[PDB]
Number of protein chains: 2
Amino acid sequence: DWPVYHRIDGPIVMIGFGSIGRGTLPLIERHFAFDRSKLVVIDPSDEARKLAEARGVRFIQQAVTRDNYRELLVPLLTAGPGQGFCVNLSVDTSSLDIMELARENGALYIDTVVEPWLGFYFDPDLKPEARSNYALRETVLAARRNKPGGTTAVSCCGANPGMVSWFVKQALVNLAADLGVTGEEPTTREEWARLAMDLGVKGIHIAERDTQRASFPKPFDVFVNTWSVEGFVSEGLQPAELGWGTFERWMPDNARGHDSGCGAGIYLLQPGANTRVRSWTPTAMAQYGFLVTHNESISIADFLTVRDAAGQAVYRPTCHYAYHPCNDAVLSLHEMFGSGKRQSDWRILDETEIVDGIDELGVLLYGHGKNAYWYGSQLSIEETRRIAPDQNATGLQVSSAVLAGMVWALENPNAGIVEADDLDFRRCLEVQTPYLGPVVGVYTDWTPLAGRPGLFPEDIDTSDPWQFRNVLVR
Amino acid sequence: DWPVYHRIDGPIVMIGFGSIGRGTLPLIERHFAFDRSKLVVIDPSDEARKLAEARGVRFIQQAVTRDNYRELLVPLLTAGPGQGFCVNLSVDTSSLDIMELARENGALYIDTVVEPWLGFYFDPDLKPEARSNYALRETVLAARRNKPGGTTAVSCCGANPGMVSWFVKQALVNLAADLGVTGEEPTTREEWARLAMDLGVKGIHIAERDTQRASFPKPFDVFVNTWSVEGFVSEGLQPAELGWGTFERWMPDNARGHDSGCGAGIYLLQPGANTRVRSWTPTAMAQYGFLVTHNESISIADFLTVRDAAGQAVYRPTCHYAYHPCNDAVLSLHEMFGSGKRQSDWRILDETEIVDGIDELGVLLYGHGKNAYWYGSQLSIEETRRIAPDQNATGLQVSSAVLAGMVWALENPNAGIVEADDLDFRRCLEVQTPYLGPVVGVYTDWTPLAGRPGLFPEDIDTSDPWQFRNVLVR
Ligand SMILES: NC(=O)c1ccc[n+]([C@@H]2O[C@H](COP(=O)([O-])OP(=O)(O)OC[C@H]3O[C@@H](n4cnc5c(N)ncnc54)[C@H](O)[C@@H]3O)[C@@H](O)[C@H]2O)c1
Ligand SMILES: NC(=O)c1ccc[n+]([C@@H]2O[C@H](COP(=O)([O-])OP(=O)(O)OC[C@H]3O[C@@H](n4cnc5c(N)ncnc54)[C@H](O)[C@@H]3O)[C@@H](O)[C@H]2O)c1
Ligand SMILES: N=C(N)NCCCCN
Ligand SMILES: N=C(N)NCCCCN
Ligand SMILES: N=C(N)NCCCCN
């Protein structure tokens, strides 16, 4: 049977019942022991309400807002008799404020994004830097500095950000084994960072190819995606963003850094979902990805930073997303950016609408002695349907990661504010792996120089194939 | 019943029986009187042969090459006893060499592209300027100057290039009429150029949106299009090219001019099918087009050039393609450029495989008093099926233009080498319009600066919305 990892003895307050809430609820019911009615779902959507009613869960049809979130959430989180768990899977809500509220009230917390209150992402008076995931993440790091320890709150623990942090650790272990690098497995951040350095890992792509195909053709003036349309558009219109490696010797003219914070990132003055990068996955082989900003682009580069005694970085990997979403989402971005405005309507593909495909999601570690190594999940829609309900393959990678984070938090409930990079990666992957389909490590001799230069002159650097100069599509 | 325009008393030699040849054959049979034994098709393809056999037409299964074209075509084109007609709808053959051969032997000639012999388009030894459509066109103009007059030979008379030159003339007349300007239409090149100047037309997009959708989802590693995949990929890997307007105040760093020739164009040192421009059509409204090189980008700009007494251009419109192909072609380009190689296989969508959609193809005249005006054809797949066999909507705009050019040629026997800009636009549109669906003119207040600047700073020129600086996606 399915493993039951823990008992939960307090309220489980799920904020949001979109594609990820819908996929996560069945895993929570499956893998935890608790009186069923301790679970309650909060979502303003009529669609969400109807689905929640069919699943027989307490449902509160309300938008969580800056004005109401304390009045709304505290009674739910503190109902007792035991410790509650806030499972935040929403858009338009402040991750930071809800996290701090849960912690004030002794409730566990998990989310999959550092989301702001409604009005941030398209605020015209905000500087591009302030709209960056680096900036959003720095608010979480500052919160941790302000109130160290206390109740566990897990930030950005979905598939990516989230699971991919655990993949990076496993990939580093595998590379070390394959390259004959000796020593016991790292047990501290500094040891992980030095292992990456010693292996010669210049950078990392979060290298993803979603091949899920719908049973209907893309409709005109409809944004189609396999997960949040609102969320993908939000991150897609944020600046392109990357963890910035010490080996990089070029940045584009419209790249900018940060005056404060962990120091691990740069951003570009252009939207990430209209920024292309050359990348690679096992099934796609060479492909374009979009350089969409992601928390882990910064958190992984930060985590793997080696500093000298003076606090200066001597090593840091480049790290960023290289996302090839489903074909209908590729068309949706072409339509949105070509129109200069969001489509009138949108839809998220249901498993019943998907005719085949996989969400191939892994980490591509490059620059080392075997050139490039991709490690990750090749989960298909067919396998997804066999092992978890109410979601597609994109959804299941995310929901299972939330499941893993919940198990970790319940096992470690007084660890304070943590990121996916802070968790025990083996324990998390132990929990998650039943839901990931084939999990494989693949070497390739592909580099961003492949086939180049072609018929035209290009701004390339063939002395160093993996330079961002070569990866960025200009 | 359908009109029969003319008798053809000599051989009709069709070179090529791909998507355009298959669509053009029935129109030639429909609209001209000739003994069936006079028409013969030449194509090396087995698939083409089987279709030709099913249609009861003479078929010679042979590739036309530099080595064999004289030995093959001179007898066929002079079989007699009257004047023959070479209808060249092929790839990998020299338009110039074949048109000169037809002329030398008194046969009429028409084609839809200035195509070179096999070995030219992907030659990395040739400099990008020499691979340009500007340069190919100059060879045709030179041939005309060296042997003026003689047998009529029509260059680049498909939908675009071709028909869209007629649309520009009709659009100019319409713009004037809509302003309350009465009187004689232009009758010389110089007068057409002056009309464009006088109306304040700053530039022209060949503004196309193909919404034909397939009955099957796009296959991986298959290039899908609604017309020649080989031809589209070839032009798409040529440099981006555009007729260059006198109003333009900026060009990109990798733009280059031509040291000789008509002077009307520039090219970019990058492939046109991976170059995006902001544009507009009635059904698409604001969209991205690809800046794919096209003969008419140069020929229309050249045609509409006004020079001073010193022979210096004082007015010329910008003119270029702004192509949004069918959704599966958009995905095919994303795939080809992202992988850095041509797909393993390709297919052209048959009308039986198209569930709906239109080929909306027109000219967008901008910069005048009513800002922008789109004039052109909205041909649906539904309309296409009602009125012509063996083709989709893309095919029928092209095949009907070839029909119109043929009627024109038979009515204008000794015209020498002519461009679509040289043809009598009202006569050609009279013949073509039954096959075009609605031919409509639509004003819009949209400009490339709609919604800009937005969330990020941009190098835009707010003093002049239609500047290429604002159009080009950078
Ligand atoms: N880390 C990852 O791997 C990952 C992956 C997918 C999604 N995400 C994030 O997870 C979140 C959920 O994604 P999804 O695919 O379920 O999105 P979705 O768009 O399907 O659902 C979002 C839900 O939030 C609800 N909502 C909107 N405003 C709200 C408010 N004020 N209070 C409460 N609920 C509100 C909506 O009604 C909707 O049901 C998004 O923020 C998304 O960016 C992270
Ligand atoms: N101006 C326009 O609007 C326009 C529009 C569409 C196509 N075109 C041009 O028309 C031509 C045909 O397009 P299509 O859609 O029919 O292309 P297609 O790829 O469907 O067909 C091309 C045909 O040419 C044949 N061919 C190849 N080599 C040959 C040779 N050496 N001799 C004779 N035939 C040969 C092929 O076997 C094939 O059947 C292309 O050059 C294309 O660029 C112009
Ligand atoms: N349904 C619940 N609330 N808990 C179920 C425990 C796990 C049984 N598979
Ligand atoms: N420093 C450079 N320019 N190149 C370094 C390249 C290292 C790849 N062997
Ligand atoms: N089949 C021909 N060759 N010509 C036919 C023209 C008249 C058809 N109604």
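Just so it is clear: chains get the letters A, B, ... in the order the sequence lines come, proteins before strands, and each one is counted from 1. Counting convention: from 1, in listed order, for ligands and their atoms alike. No hydrogens, no waters, no symmetry mates; every other heavy atom, side chains included, goes into these values.
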May I ask which of A:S19, A:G16, A:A52, A:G21 has a heavy atom nearer to atom 15 (O) of ligand 1 than the others do? A:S19
Is a side-chain N or O of A:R474 found less than 3.5 angstrom from the main chain of A:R469, in a donor-acceptor match? yes
What are the atoms of ligand 3, with element, lying closer than 4.0 Å to any heavy atom of A:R30? 7 (C), 8 (C), 9 (N)
Where does A:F232 meet ligand 1, judged by heavy-atom distances below 4.0 Å: at the side chain, the backbone, both, or neither? neither
Close N or O approach (A:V4, ligand 3; < 3.5 Å): no
Within the 6.0 Å centroid threshold, strictly below: A:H205 and A:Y373: no
Among all protein heavy atoms in this structure, tell me which lies nearest to atom 5 (C) of ligand 1, with the distance rounded to 0.1 Å. A:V398 CG2, 3.5 Å
Options A:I348, A:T112, A:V64, A:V229, ranked by nearest heavy atom to atom 44 (C) of ligand 1, top entry: A:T112
Ligand-residue contact atoms, ligand 1 with A:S45, heavy atoms, under 4.0 Å: 37 (O)
If we number the atoms of ligand 3 from 1 as shown, the ones under 4.0 Å from a heavy atom of A:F32 are 4 (N), 5 (C), 6 (C), 7 (C)
Between A:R249 and A:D461, is the closest basic N to carboxylate O distance under 4.0 Å? yes
Electrostatic pair A:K370-A:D178, nearest N-O below 4.0 angstrom: no
Residues A:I12 and A:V87: closest non-hydrogen pair is CG2-CG2, 4.1 Å
Check this for me: A:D46, atom CG, are more than 12 non-hydrogen atoms of other residues, nucleotides or ligands nearer than 6.0 Å? yes
Are any side-chain N or O atoms of A:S399 and backbone N or O atoms of A:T24, one a donor and one an acceptor, separated by less than 3.5 Å? no
At a 4.0 Å threshold, what atoms of ligand 1 neighbour a non-hydrogen atom of A:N160? 1 (N), 2 (C), 3 (O)
Give yes or no for whether the N/O distance cutoff of 3.5 Å, strictly under, is met between A:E115 and ligand 1. no
Contact residues of ligand 4, where a non-hydrogen atom lies under 4.0 Å away: A:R249, A:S463, A:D464
Between A:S90 and A:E115, is there a side-chain donor-acceptor contact under 3.5 Å, judged purely by atom types and distance? no
In terms of atom number and element, which parts of ligand 1 are under 4.0 angstrom from non-hydrogen atoms of A:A63? 30 (C), 31 (N), 32 (N)
Looking only at heavy atoms, which two atoms of A:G236 and A:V292 are closest? And how far apart? N-CG1, 4.2 Å
Among A:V402, A:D92, A:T24, A:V91, which one puts a heavy atom closest to atom 29 (C) of ligand 1? A:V91
When you measure from the heavy atoms of A:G162 to every atom of ligand 1, does any distance fall below 4.0 Å? no
Starting from atom 21 (O) of ligand 1, what is the nearest protein heavy atom, named by residue and atom, and what distance separates them? A:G18 CA, 3.2 Å
Does atom CZ of A:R342 have more than 12 heavy-atom neighbours from other groups under 6.0 Å away? no
Side chains of A:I298 and A:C262: closer than 4.5 Å at any heavy-atom pair? yes
Do ligand 3 and A:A33 have nitrogen or oxygen atoms that lie under 3.5 Å from each other? no
What orientation do A:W227 and A:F232 show, parallel under 30°, tilted 30 to 60°, or perpendicular over 60°? tilted
Tell me the nearest of A:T65, A:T93, A:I42, A:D43 to atom 23 (C) of ligand 1, using heavy-atom distances. A:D43
Atom 41 (O) of ligand 1 sits nearest the protein heavy atom A:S90 O, 2.8 Å
Between A:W374 and A:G362 the two heavy atoms that sit nearest each other are CZ2-N, 3.2 Å
Atom 43 (O) of ligand 1: nearest protein contact (heavy atom, Å): A:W227 CZ3, 3.7 Å
Are the aromatic ring centres of A:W250 and A:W244 under 6.0 angstrom apart? no
For A:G158, the ligand 1 atoms whose distance to one of its heavy atoms is below 4.0 Å: 1 (N), 2 (C), 3 (O)
Hey, is A:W2 one of the residues with a heavy atom under 4.0 angstrom from ligand 3? no
Does A:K169 make a cation-pi contact with A:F303, if we ask for NZ or CZ under 6.0 Å from the ring centre and within 45° of the axis? yes
Any N/O pair A:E29/ligand 3 closer than 3.5 Å: yes
Please could you name the atoms of ligand 1 that A:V113 approaches to less than 4.0 Å, counting only its heavy atoms? 41 (O)
Is A:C86 close to A:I98 at the side-chain level, that is, under 4.5 Å between some pair of heavy atoms? yes
Taking the ring centre of each residue, are A:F468 and A:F247 less than 6.0 Å apart? no
Counting non-hydrogen protein atoms only, what is the nearest one to atom 12 (C) of ligand 1? Give residue, atom name and distance. A:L89 O, 3.4 Å
So, for A:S228 and A:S19, which heavy atoms are closest and what is the spacing to 0.1 Å? N-OG, 4.2 Å
min-distance protein heavy atom vs atom 34 (N) of ligand 1 -> A:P44 CD, 3.4 Å
Does A:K202 come within less than 4.0 Å of A:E248, counting only side-chain N to carboxylate O? no
Starting from atom 16 (O) of ligand 1, find the nearest protein heavy-atom neighbour and note its residue, name and distance. A:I20 N, 2.8 Å
Look at atom 17 (O) of ligand 1 and find which of A:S228, A:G395, A:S95 reaches it with the closest heavy atom. A:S228
Ligand 3 to A:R36, heavy atom cutoff 4.0 Å, flagged ligand atoms 1 (N), 2 (C), 3 (N)
